[PDB]
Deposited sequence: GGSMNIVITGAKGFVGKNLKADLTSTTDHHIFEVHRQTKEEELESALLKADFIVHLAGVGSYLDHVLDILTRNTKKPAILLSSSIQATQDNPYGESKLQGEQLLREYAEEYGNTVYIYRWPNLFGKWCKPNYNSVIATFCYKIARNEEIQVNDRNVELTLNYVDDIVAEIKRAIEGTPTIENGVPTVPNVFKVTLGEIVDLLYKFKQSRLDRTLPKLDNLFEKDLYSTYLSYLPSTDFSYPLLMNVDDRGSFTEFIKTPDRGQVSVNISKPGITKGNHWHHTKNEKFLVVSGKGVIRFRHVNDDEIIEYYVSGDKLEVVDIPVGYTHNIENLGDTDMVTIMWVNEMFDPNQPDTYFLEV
């Protein structure tokens, strides 16, 4: 199928173009302000489907006029919004005079990667500014925004292309509409930034937050994709926290130099998992009231997880000639009021 995308260099166009050329065999005719009038016409008259992303307005009228001479009666997709609605009745009359299926959508504000900041998306501007430690302006935190993520826009458009749009009360409607306050948005973005300092992760079964997180990351300066962890270092090795959550535990990285033993503690309720990913050694266990010592000989050649059960004192020792690197998951963030850690030599 020959698919024309007008406004193809825009936020949505670029997203759609990349997707269609990645996931279909359709011939994409990009139209934009560098297109010559000849190639606009040529493309329109060959078209099977027209995805119109530029405004309603004189440009569209011109595109529509050319399409009256396209003998295949290609379907046309556009959005009438800008919160005002323009041109709708005229476009229904066009569809009915010339036959073309015309899908009029009423897209709300949009967000996602590749949207130009300091232009006409407030979320692009907040992401851009916040990632660059630039001051933002929030007149009122309680303003509600109605939003669609670009992936859903793209997917709804693809569904229309293959003849199965999403209809609601007799109107094409992209799903996964989000209704959120500015204050909730801004708070999430500042949270994403602060997480490089506190190691926390977003809540990724919240669809809006998930979408916004990926969006925010696309605005990072090229020089800013990495960030330092805090390596607590001494002549025994190091210990470095990587990620913390309130509900799925915390992962850290322990490193022990040759000949080094660490640990010799137990808890009542706190528990861990060790996974040795480089080097070799031994994890030892003893029941607080017993003398039986249980040893697990482990190494990065064979990845196995060792649960650290409660009520056992345990230590970990490097038995090789290189650094021994262990990933260490713990069931809960450290709480100064309930450290739940007791020193006892295995």
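Missing from the model, relative to the deposited sequence, are the ranges 1 to 3, 86 to 95.
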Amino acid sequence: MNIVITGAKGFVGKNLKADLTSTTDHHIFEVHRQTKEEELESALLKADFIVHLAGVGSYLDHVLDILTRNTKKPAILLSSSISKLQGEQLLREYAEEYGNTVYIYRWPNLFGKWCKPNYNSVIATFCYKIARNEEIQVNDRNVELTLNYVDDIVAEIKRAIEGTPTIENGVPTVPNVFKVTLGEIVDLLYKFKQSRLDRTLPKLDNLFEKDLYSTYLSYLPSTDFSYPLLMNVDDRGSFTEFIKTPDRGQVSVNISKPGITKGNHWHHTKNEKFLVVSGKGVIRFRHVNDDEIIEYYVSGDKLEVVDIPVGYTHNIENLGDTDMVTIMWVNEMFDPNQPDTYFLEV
From here on, numbers count along this sequence of modelled residues.
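The stretch 153 to 161 shows the higher mean C-alpha B-factor when 153 to 161 is compared against 260 to 268 in the entry. Judged by mean Cα B factor in the deposited record, 26 to 34 ranks above the other of 283 to 291 and 26 to 34. Out of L64, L319, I316, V277, it is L64 whose C-alpha atom has the highest B-factor in the PDB entry. The residue among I308, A43, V305, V298 whose C-alpha carries the highest B-factor in the deposited model is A43. When the CA B factors of the chain's modelled residues are split into thirds, the value for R236 lands in the middle one. Per-chain ranking of the deposited C-alpha B factor places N176 in the middle third. When the modelled residues of the chain are ordered by C-alpha B-factor, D140 sits in the highest third. Per the deposited record, the Cα B-factor of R92 falls in the highest third when ranked against the other modelled residues of its chain. In this PDB entry, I185 carries a Cα temperature factor that places it within the middle third of its chain's modelled residues.
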